[PDB]
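Note that we place each Cβ from the backbone using ideal geometry, even for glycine, and neighbour counts take in every protein chain shown. A short reminder: the numbers here are calculations on the coordinates, not readings from a lab.
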Amino acid sequence: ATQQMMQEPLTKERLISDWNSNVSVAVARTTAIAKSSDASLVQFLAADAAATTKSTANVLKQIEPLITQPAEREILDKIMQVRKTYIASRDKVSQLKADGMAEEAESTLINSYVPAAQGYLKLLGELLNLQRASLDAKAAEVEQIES
Amino acid sequence: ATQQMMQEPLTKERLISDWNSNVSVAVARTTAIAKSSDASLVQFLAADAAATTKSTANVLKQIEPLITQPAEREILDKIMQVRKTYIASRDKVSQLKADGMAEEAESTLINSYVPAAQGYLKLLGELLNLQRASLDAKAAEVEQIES
Amino acid sequence: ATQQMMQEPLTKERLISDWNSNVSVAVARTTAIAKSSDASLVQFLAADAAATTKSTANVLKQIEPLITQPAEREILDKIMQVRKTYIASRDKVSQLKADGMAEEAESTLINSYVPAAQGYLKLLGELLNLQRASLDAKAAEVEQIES
């Protein structure tokens, strides 16, 4: 019969996919915060980042009870450390820009934020590829439990 | 056994938290609409506000069947009045800006929009603190129904 | 008793409503991408469009198993063709702008993107009105199955 056993792996995959995409948009938003001469837009984009941080934290709290295998748990903990580095460097370019220190805002973006964002993205990509391998294994043997 | 009785209070809390955050980002978006010299961006941010209004209205229609106690119902009705004032003042700065009346757009933002947004935010904060007190009371006696 | 038979038509309606709204905001975002002199903002808005494309594709994959009647299925297939035209013209103004060809970015916006977006919006409106007629018919005879 219709096997809805495939909804934890599907949900994990879809969450992680969205997470990867959102981080990529954040890279461009943080760049705009650092580089833009339009102050009202910079404030709006910083406020937006403050909201998306909570959105991400809550997706974290959703997904982490589902991540139970050793390799994915290891990747997840790594992501959780690089995320601290990332949030700190992003909030530093934001705080610098908001205080009229644009040159430092860009020096922090290039020298600290982008490397952290790249590590974050590498780890997210790894987790997603891992999760697709897991989702296919789990679907194959749900089909062999239905066979 | 696992007591999923804790999902109406949790859902109410998470919705209201998100609502509070979104209003804070709206304050910054409306400010950009009023102050920015970049017309295409102003149009994009006004279109965005028109979408988030529907998103909020539909969250309202989600949450209001769950709000049943007298103090929270009172707060909710207050919010529903201040929201009319808020939407009207926000749409007025938008309409003024779209018609080339920037000076009035900013005078309306400062003299009418920001006060309304502050009242809205005060009421949302109250509702969230109320809902956290309710969520803890309800979890404590779900644990005493499991004891 | 409480008849939750009304949740497929309600869900379809709410998804399609949101889809219509999001396309309207995309029209304004693509216009900003084409017209704005602020390069960092243009990059951020293009990255955002790349994320919302996946969001829409996944809403498509959600809704299409629910669309089973001939008139709505016909509208849906039409939308799926106009969406290819739309994504191509939007990505062309984006790619042109990112490469320093602003004049062509605006000529493509006006001569190719806006017409496609208008067709897309016409079809989405049709689908939503269709879905409201279907939702009312289905609710009326769920009430006559409860009568």
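Total residues in region C:29-63 satisfying the condition of being over 30 Å from C:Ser134 (Cβ atoms) and facing another protein chain (nearest Cβ under 7 Å): the figure is 13.
Exactly one residue out of C:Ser112, C:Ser89 is part of a helix (DSSP H, G or I), away from chain A (no Cβ under 14 Å) and in contact with a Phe, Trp or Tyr (Cβ under 8 Å, 6 or more places away or on another chain), and it is C:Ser89.
Checking B:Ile67 against (1) in contact with a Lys or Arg (Cβ under 6 Å, 6 or more places away or on another chain); (2) within 14 Å of chain C (Cβ to nearest Cβ), which single condition isn't satisfied? Of (1) in contact with a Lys or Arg (Cβ under 6 Å, 6 or more places away or on another chain); (2) within 14 Å of chain C (Cβ to nearest Cβ), only one is false for B:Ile67: (2).
The set of residues in region C:86-131 that are of a type in the set (S, T, N, Q) and under 14 Å from C:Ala26 (Cβ atoms) comprises C:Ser89, C:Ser94, C:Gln118.
Annotation: of all residues in region A:50-65 being polar (S, T, N, Q) and surrounded by 15 or more Cβ atoms within 10 Å (Cβ to Cβ), the one that is farthest from B:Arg29 (Cα to Cα) is A:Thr56. Applying a threshold of 6 Å to beta carbon distances and a minimum spacing of six or more residues, or different chains, the list of pairs starting in region B:29-43 at a residue that is free of Cβ contacts under 8 Å to residues at least 40 places away in the same chain and ending at one that is in a helix (DSSP H, G or I) and aromatic (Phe, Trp, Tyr) reads B:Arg29/A:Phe44; B:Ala32/A:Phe44. With the structure loaded, tell me whether B:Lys97 is among the basic types (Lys, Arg), surrounded by 14 or more Cβ atoms within 10 Å (Cβ to Cβ) and within 14 Å of another protein chain (Cβ to nearest Cβ) or whether it fails that test. Taking the combined requirement at face value, the residue satisfies it. Scan region A:1-53 for residues that are outside any helix (DSSP H, G or I) and either at positive phi or among the aliphatic types (A, V, I, L, M) (or both) and the total you get is 1. Restricting to region A:94-128, name every residue that is without any contact (Cβ under 8 Å) to a residue 40 or more places away in the chain and among the hydroxyl-bearing types (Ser, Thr, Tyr). Answer for region A:94-128, where residues must be without any contact (Cβ under 8 Å) to a residue 40 or more places away in the chain and among the hydroxyl-bearing types (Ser, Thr, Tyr): A:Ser107, A:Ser112. Kindly indicate which of C:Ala46, C:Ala88, C:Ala34, C:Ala28 is surrounded by fewer than 18 Cβ atoms within 10 Å (Cβ to Cβ) and closer than 26 Å to B:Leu45 by Cα. The unique qualifying residue is C:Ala88.
Scanning region A:40-87 for residues that are out of contact with any helix residue (DSSP H, G or I) (no Cβ under 8 Å at 6 or more places or on another chain) and closer than 22 Å to A:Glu104 by Cβ returns a single hit, A:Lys84. Residues in region A:1-25 that are aliphatic (A, V, I, L, M), at the interface with chain C (Cβ under 8 Å from one of its Cβ atoms) and surrounded by fewer than 16 Cβ atoms within 10 Å (Cβ to Cβ): 0 in all.
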